[PDB]
Every structure is written in C-alpha cells, then in structure tokens.
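**Q** Please find the sequence and an experimentally derived structure below.
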Amino acid sequence: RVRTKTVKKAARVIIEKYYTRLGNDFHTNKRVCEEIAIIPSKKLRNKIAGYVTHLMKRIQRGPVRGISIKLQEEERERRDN
Amino acid sequence: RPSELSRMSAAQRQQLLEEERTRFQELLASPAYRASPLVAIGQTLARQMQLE
Amino acid sequence: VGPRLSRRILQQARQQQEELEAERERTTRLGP
Amino acid sequence: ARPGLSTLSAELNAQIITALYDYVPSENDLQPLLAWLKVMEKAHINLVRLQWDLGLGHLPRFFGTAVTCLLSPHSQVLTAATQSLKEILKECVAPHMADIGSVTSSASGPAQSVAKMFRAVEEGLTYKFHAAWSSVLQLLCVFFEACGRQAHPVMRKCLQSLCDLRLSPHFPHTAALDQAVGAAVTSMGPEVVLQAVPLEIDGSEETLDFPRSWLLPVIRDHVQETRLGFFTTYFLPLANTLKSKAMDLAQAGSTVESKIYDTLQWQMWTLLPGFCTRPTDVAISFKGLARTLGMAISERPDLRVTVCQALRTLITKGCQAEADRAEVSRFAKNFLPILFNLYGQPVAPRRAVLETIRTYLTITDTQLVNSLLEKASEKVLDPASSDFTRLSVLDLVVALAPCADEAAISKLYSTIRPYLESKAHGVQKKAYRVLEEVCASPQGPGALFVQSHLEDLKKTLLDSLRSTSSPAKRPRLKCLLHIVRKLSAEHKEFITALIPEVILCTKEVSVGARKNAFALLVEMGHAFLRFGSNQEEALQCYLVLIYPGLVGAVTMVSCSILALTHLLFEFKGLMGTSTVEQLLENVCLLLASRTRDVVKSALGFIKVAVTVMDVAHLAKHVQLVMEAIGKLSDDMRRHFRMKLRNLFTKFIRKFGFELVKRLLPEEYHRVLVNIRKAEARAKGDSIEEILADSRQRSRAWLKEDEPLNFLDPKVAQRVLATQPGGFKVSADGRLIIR
RNA sequence: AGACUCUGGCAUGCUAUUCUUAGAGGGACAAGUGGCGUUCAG
C-alpha cells in the first residue's frame, strides 16, 4: 500500500511539535499518539503511528546538530508558556 | 455451512477434507473414470448444471 | 553580495593574481 | 588502438605529450578542448601500460593543467575533465599502488609523483573553483578509494580542509562531501582519520552544538576493513563516560542535555556493526569484547537491537578464515545462556533475538547443541511451565534442531511425534515447525535422518492429517516441500494421498500457506517427471488424478481450477497442446455457475490460457469462449468489469479487431471500442531536509565582520554556492486530525 | 490491469454466554527478516 497525504501531513506536525516525548519503536509512539491527537478513526491511529516510527528510525541516524538545536528551541517555546 | 472457506471454523474445515478423501478414492477406482477422463468430468458438469 | 556582483569580483580578483605571477616558437621537432 | 612496442616505442610517447603541452587552446572554446584532453588521457594511459614507472613521471604536469582547466565556464569541460582524471586513477594508479607502498612527505622515486598527484587536487578545493566542487569531490572520492591505504601520512591536510568546508553557512554539497570523507575512512581507517580531525565530544564541553558531529554518521556507514582493536581502546571509554554523564544530568531535572548525551552515545554504539565487517585482528581482540557485550545485552534494553544486529555482521562476513572461527565458537558457551534468557523473559525485541540465535548456532560446536537440546526438552516436558514459557522454548527447539547429530534428532523426533495431534494450535504449529526444519537441511546429520525414518515420517504425516488446524498448515506444507524433493519412485501411494489436501490448501485462510501450496504443486509435477521416461503421459497421469475435483462441491471446484491455473503457467509445453482446449471447454461450462468463487478462478484461467496456448489453436476456440461470456448475467458483468475488460484487450491485440463484434452481443460493443481508444492512447538526513512537503550553477555569494581576504587559507568558508538565508487544536490542547 | 466504499478469519475478553444466539470491545499495520532495488518508492 501507498501512504495517503492526510497521513503524511499529520505525520510531519507531530514530530516537530513533540519530538522529545516520543520513542523509537512502533509500540511506544502508538501510546503517545493516543495521548496527543484525538484521531477519530482507529485505522488512522494505526497508520499515523507507524509512519512516525519510520521517520524516527531515520532521524536518529542523522547528525545530532539538527537534533541539538531543535531540542534548544523545543524547551524555549516550552518554558515560555 | 457457508460457501467460502474463510467463514466456517477450523474444525468445520476438517470434515470437508475427510469427505473429499472419500470422494476421490471412490471415483479414481470407478469404472467410468478409466476410458474417457475428460468426457466423464464434462458429462458430470453437464448433468449438474441441468439439475441446477 | 549577490550573484552578479560577486561574479565580476571573483573574475577580477583572479586576473590581478595572474599579473603578479607573470612578473617562443612551438617545438615542431620532437626528437633532438 | 593501443599499439605494440614495434609500432610505438615507449620513449616516443614522452616526446609526443611534452610537445602537445604548447596548445591548450585558450580556456573556453569547448570544441577541440574536449578532444585535446581526450587524447592526453589516451596518450598517458598508453604510456603507463608500456613503462609504468615512467608513467608516474609524466603524470603531475598533466594534472597541473587538469585541475586548472576545471575553471572553464563550460559544463561539458567539467564533465569530460573529471571523467578523464577518474579513468587514469582507476586504471593507471590503482593496480600499481601496491608496488609503490607507503609514501611519506619526503619520497624520492615514483612515490614522489603520488605526492604531486594529491598536491594538485588540493589546489582544487579552495575558493577559486566554487562551482566545480561537486566535480572535485567526485575526483577525491575515487582518489581516496584507490590510494588511501598507502598514502595516509600525506593526506592529513585535506581532511582538515574537507572539515572546514562543511562549516560554510549553506553548503549544497553536504551530501557529496560525506561521500568523499566516507570513502576516505574506508581505505585509511578511522584511527588515522581521527588523528587529523579530532572529535571534541571527549566527555565534557562548554557548548551543546558539537560542530563536528557529522563524522559519526559517516564512520558508521563506511568502516569495513579496520582492525577491531581501535573500537575497544577508544570508544568504550567515551561510551561509558557519556552514558554516565547523561544519567547524572537526568536526576538534575534537566531533560535536554541528558537527551542530547543519550543520543550521542546511542549513535556511537552503532559503529560496532561497521567495525565488525572485516576485522583484521578478530583473532586477538574479540576476547576483549565478549564480556562487555555480555553485560551490555543483559541489563541495557536500548542497546539490544544494536548488539544483536552487530553479532550477525561478525559471523557472516568476518568469519572467512578458519583461525577466526575458533574464538567465536570458543565463546558460544557464554552467549547462548545469556541470549536464551532474553528470549524467554516475560513481558520487547524477541524477533531481533531469534535471528541472532539462528546465525549463532551455524558456527558453533555440535555437542553443546546436543546438551542444550536436552535441557530445553526438559523445560518442554515439565508440566510446571506456563504456556508462554512452553511456546518460548519451543522456538528454541526449532533453532536447536539442525545442528544436532543423528542421535539427538531421533530422540527429539520421538519426543515431538505425540505432539502433532495437540489441540493447542500454537503447540501444533511449532510441532510441525520442528519436523519442517529438520528436513530443510540438505546436508549433514539432518539429511541422514531423511532415509533413516523414511517410513516413520510418512505414516506420521498421514495419521496427523485429521487433527490439523488452519494455522498449522503453513509449516506442514514446508515440511511436505522438503521430502518430495528427495522422494523415490515407490512412493506414489504417498503422493496420491497428498493431493486432496494441497489442492484444498490453495484456498485456505492465510496467504502464506497458499504460496507454499502453489510452489509444492509445481514440484509435485517435478516428482512425476522423474518417475517416467516419456514425460508427457507422466504429467497426463498427474492431471487425471486431480480432475475429479472439478465435479464436486463449490469449495473444491473453485479450488481445482486455481491449481490448474498455476500448473499451466509452469508446464506450458509439457502438457501437449491438444490437452488444453478440452480443459478450456470444461471451464466454459463452469463459467455459468452462479457462485462467485468459481467464476473468480474461471476468469483467472482464461487470462492465463491465452498466454500459454498458441494463437492458431486459440483461433479454433474463439467462438466458444465468449459465447458463454456474453450470456453470463447483468450483475456478473457489473462485478467482474475490468477482468472481462482485460481479456477483451488480450484478444484484439493478438487477433483481428472486427472478429469479436460479430460474436459479442450488443452491450459489449460500446465497451470494446473504449479499448481501441486505450490502444490509441498508448501510441539529506538533517531535520529540515527529511521533513519536506513533497549559468545556473555558477552563481556565488560573497559574504560581508572581519574584512575578506582572498589569500586567506580559510576563505572558502565565506563563499557560498546557493541561496543564503496547520490543524485544529481542541480545548484540551490535543490535536484534531481529519 | 479496481491503489473506490464497506467488511470477514480468532476471541474460553463484556452484556441477557465454554457448545446455538446479537450488540459492543480487541486484533492486522507490510507489522518483522533477507534479497532485487535510483537505495526511496516498489
């Protein structure tokens, strides 16, 4: 199967918003997405968790500077509110 | 008994197999299924369609 | 600076270097 | 043409190339300049082939102009130049590198030429190019790959200078520059690389943005031919200190630095699969890493998937020689009791563990396989074990199976033989799985078991037919797969008693056993080609044994056509083409039945029949096939719309166009002309780059701080090659997605 | 040669319930392994 654009658009917003709180496996971020987005369809929650898990398997292999500054700004919006 | 095999239980599939075992062993040794194999099968679907 | 101005600067800066390094008939026969 | 010594002498070419240096036409005419450096490629490659050590003598002057001529504003100059330079290096330098040996900065002979090779290309890295940098980096990549091992004492200047390029604010060739350093690490090895460019992640730092973090992804994907002793003495002291540092800041309440320092240490446990590709010192340094890996797999859940992947690299491609095989096998007594604990521990990456198990027994001794087989069998037969623990060690039986001797396997088979009639499907599946895998070994003690219990397995697989569940079929077929391949001629009683199940297995609940069933029916035929001299009538014996499945119940008549569909795809001409049309004629009668299952397999037959059976013999049956298709039904046409529309496409391409309209009824006429319409119709890993919503190359941006100096060695940092510079939220704050 | 809609396999879980029921809750997502792969889609 191919991935629908509504899954992919929902995929990108979660990672840039709540990166710190999620993990690396499918089972971990299935728990998280239940607690972060309402996701009225169960099949959507199934698809959104895996494609988040697929990116998180990839983003971990990259250089950590892109991670490091993103953690810098994540708390920066977090401590302000 | 449903028509497709995905709907009945796993137990119900087994007597489908064991009745199938009987139906070949009575028919492979049948006198008609030694001369014209294709004709007998075609004639069997000929009467089966005619009844239904 | 931008693409158009920098293209002229790099080409001009190269040519000033060459006239610092700067300060016959071609060899028709090959065997002496 | 590369002429011989009588046609062209070696000393003649030196005079030619030195003469041709006086033309170099201007810089940018592109018509002879491509041809000019094409022959200087061709003259040099010929001069090297005749006398090689003189060949390195003339190389530096050509590479003087070749680096210089990269500045020409024509693109086709740039592509042809590096294509010339790469073919010199792949052919004139790479095989002859070993005779040169290691080169220092003070070489004298032909190695001094290699010093001038690299000193030329380093001049190709500064600010003056700024548009050839994608082309120069390709040149360095091959140049690193061929000469990196024997020229590492001179190459330390570029690796600094390659490092300072990536500090540019916007480098479009970040993807390419990693490829240059990555290949360089492959030949030189990270210990040399890290001396020229030191990592500054050596524990404690004042900042948090580590400017040289890109090295660690580079090293992971490219290290394959380095001694393993470097990883023990360098990274593990840094691995433990960073891990200790992050937990210290974890309890301090700050979750940002600890999350950074955790992410750093996890990335530098991923180097070990790289470091264990082809070690040169695995015979002596593997003793230094057994116990630390043993601790790091037991009490570290995060590193489990790394280490279990890491071992699989070491066994498969780091165990070529027999001397390296001993110490891994010498440590098998330690890792199995650890790895057995992790798999059976109640809840986790179990399947990551099981694949590591399957590899690790393939290299170990057989007596310890036998010993743990006894102990695992004790856990199975123990009634004081939970069902989860029972099924957990049952997989461990399957892994332990093929490496045992003939004696232990026969004891194991006697143990498992009463289990095949179990009502618990999980136990029955593992029970057939044991009998499957012991036949899967084509050689060794497992192959000996095949003819030993040959009657015993045959009766066991037949009396266990009546209590076989639906999920248990998939190992049963694979069990049947491996014994038909070694079955003798006096076993037709087994094969003919095996047909009604496997044809019924073609339409069972799973898809896994279906492809197992399709593959077996192929070799069931290959069983019958070996049982007769005249091949066609043997396979005619094969098909007449399955024809009575065409007459019976709606489940089996749809089953039988599916098998006949797959048989004709593989034994195309072995049937005898005269046999085909009657089978097509019977399925035409089958096409009229109201049940949708039979017409599902009937249309699939007609789809494959036209491909296999020849057009002239199909021409004799054009009328008969679509006479039934026309008068099927309204809904049956409406349901199977494109499947009928597909078989319409097959005829009109292969046959005449007008012929089908005369035989079809009215409704299919407007459908068919849509198909004539169709046949006329036919006539890179940073956060920003991965989260993407998905003349021209000569543009440079000067930057203007301290005033710009073009004669500064670090001026290439301050020139650039590219451009500088939604859902609804609930009252709870949770996102709303639709 | 349906990348349309919906839906099934097994529940010794809930409801008046292991064997007959009919409402709901689980589960399955190419999920995982290895090859062919533009190494990302397949």
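**A** Arrived safely, thanks for sending. Numbers count the residues shown, from 1 in each chain, chains lettered A, B, ... in the order given.

**Q** Give me the buried positions along stretch D:431-451.
**A** Residues of stretch D:431-451 classed as buried by neighbour count (16 or more other Cβ atoms under 10 Å in any protein chain shown): D:431-439, D:441, D:445-447, D:449-450. For every residue, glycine as well, the C-beta is placed using N, CA and C.

**Q** just those residues now: which is nearest residue D:393?
**A** Of all the buried residues of stretch D:431-451, residue D:393 sits closest to residue D:434, with 12.0 Å by Cβ to Cβ.

**Q** helix/strand/coil for that closest one?
**A** Secondary structure state of residue D:434, per DSSP: H, G, I helix; E, B strand; the rest coil, is helix.

**Q** For it, give its distance to residue D:359.
**A** 19 Å (Cβ to Cβ, to the nearest Å).

**Q** Repeat that for residue D:631.
**A** 60 Å.

**Q** Please identify the helix or strand for the residue in the stretch 1-150 of chain D that chain C sits nearest to.
**A** For the stretch 1-150 of chain D, the nearest residue to chain C under the criterion Cβ to the nearest Cβ is residue D:15, separated by 4.0 Å. Assignment of secondary structure by DSSP states H and E places residue D:15 within helix D:10-20.

**Q** Pull out the buried positions in that helix.
**A** Taking 16+ other Cβ under 10 Å as the criterion, helix D:10-20 shows D:13, D:14, D:17, D:20 as buried.

**Q** give me the number of residues near residue 41?
**A** By default, I'm working from chain A. 11 (other Cβ atoms under 10 Å in any protein chain shown).

**Q** Chain D was what I was after
**A** 20.

**Q** I'd say it and residue D:88 touch.
**A** Yes - under the criterion of Cβ atoms under 8 Å, residue D:41 makes contact with residue D:88 at 6.6 Å.

**Q** How far off centre is stretch D:75-95?
**A** 30 Å (Cα atoms, centre = their mean, to the nearest Å).

**Q** Output that stretch as PDB, nothing but the C-alphas.
**A** Output of stretch D:75-95 as PDB, limited to C-alpha atoms (Å, rounded to 0.1, in the frame of the first residue of the first chain):
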ATOM      1  CA  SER D  75      29.800  22.500 -18.200                       C
ATOM      2  CA  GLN D  76      31.000  19.800 -20.800                       C
ATOM      3  CA  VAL D  77      34.600  20.700 -20.000                       C
ATOM      4  CA  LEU D  78      33.900  19.900 -16.300                       C
ATOM      5  CA  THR D  79      32.300  16.600 -17.000                       C
ATOM      6  CA  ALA D  80      34.900  15.500 -19.600                       C
ATOM      7  CA  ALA D  81      37.800  16.600 -17.400                       C
ATOM      8  CA  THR D  82      37.000  14.500 -14.300                       C
ATOM      9  CA  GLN D  83      35.900  11.600 -16.500                       C
ATOM     10  CA  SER D  84      39.400  11.700 -17.900                       C
ATOM     11  CA  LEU D  85      41.000  12.000 -14.400                       C
ATOM     12  CA  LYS D  86      39.000   9.200 -12.900                       C
ATOM     13  CA  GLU D  87      39.900   6.800 -15.700                       C
ATOM     14  CA  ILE D  88      43.600   7.500 -15.200                       C
ATOM     15  CA  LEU D  89      43.200   6.800 -11.500                       C
ATOM     16  CA  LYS D  90      41.100   3.700 -11.800                       C
ATOM     17  CA  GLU D  91      43.400   2.100 -14.400                       C
ATOM     18  CA  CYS D  92      46.900   3.500 -14.200                       C
ATOM     19  CA  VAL D  93      47.400   4.000 -10.500                       C
ATOM     20  CA  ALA D  94      45.000   1.600  -8.600                       C
ATOM     21  CA  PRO D  95      46.600  -1.800  -9.600                       C
END
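
**Q** In that stretch, which of the residues would be classed as buried?
**A** Buried residues in stretch D:75-95 (16+ other Cβ under 10 Å): D:77, D:78, D:80, D:81, D:82, D:84, D:85, D:86, D:88, D:89, D:92, D:93.

**Q** interface residues of chain A facing chain D?
**A** Chain A has residues A:6, A:9-10, A:12-16, A:20, A:36-40, A:44, A:48, A:55, A:58-72, A:74-75 near chain D, with proximity defined as Cβ under 8 Å from any Cβ of the partner chain.

**Q** 7 Å instead, please
**A** A:10, A:12-13, A:15-16, A:20, A:36-40, A:44, A:55, A:58-59, A:61-71, A:75 (Cβ under 7 Å from any Cβ of the partner chain).

**Q** Give me the buried entries from those.
**A** A:10, A:12, A:15, A:36-37, A:39, A:44, A:55, A:59, A:62-68, A:70-71.

**Q** Arrange the buried residues of helix D:10-20 in JSON lines, one row each, with distance to residue D:286 as further columns.
**A** Converted to JSON lines, the buried residues of helix D:10-20 look like this (distance: Cβ to Cβ, whole Å):
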{"residue": "D:13", "distance to residue D:286": "52"}
{"residue": "D:14", "distance to residue D:286": "53"}
{"residue": "D:17", "distance to residue D:286": "52"}
{"residue": "D:20", "distance to residue D:286": "56"}
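
**Q** Nearest the middle, which residue of chain B would you pick?
**A** residue B:23 (6.1 Å; Cα atoms, centre = their mean).

**Q** Distance-wise, check that residue relative to residue D:210.
**A** Taking Cβ to Cβ, one finds residue B:23 at 75 Å from residue D:210.

**Q** re the thing from before, which among the residues of chain A next to chain D are in contact with RNA strand E?
**A** Residues of the residues of chain A next to chain D in contact with RNA strand E (Cβ under 7 Å from any atom of the strand): none.

**Q** And residue A:39, how close does it get to residue A:59?
**A** 22 Å.

**Q** Check residue D:334 too.
**A** 35 Å.

**Q** which residue packs closest to residue D:600, ignoring adjacent ones?
**A** Among residues not flanking residue D:600 along the chain, residue D:558 sits closest, at 6.8 Å (Cβ to Cβ, 6 or more residues apart in numbering or on different chains).

**Q** er, residue D:332 I mean
**A** residue D:364 is the one closest to residue D:332 (Cβ to Cβ, 6+ apart), at 4.1 Å.

**Q** Ok, residue D:481 next?
**A** That would be residue D:520: by Cβ to Cβ, 6+ apart, it lies 5.5 Å from residue D:481.
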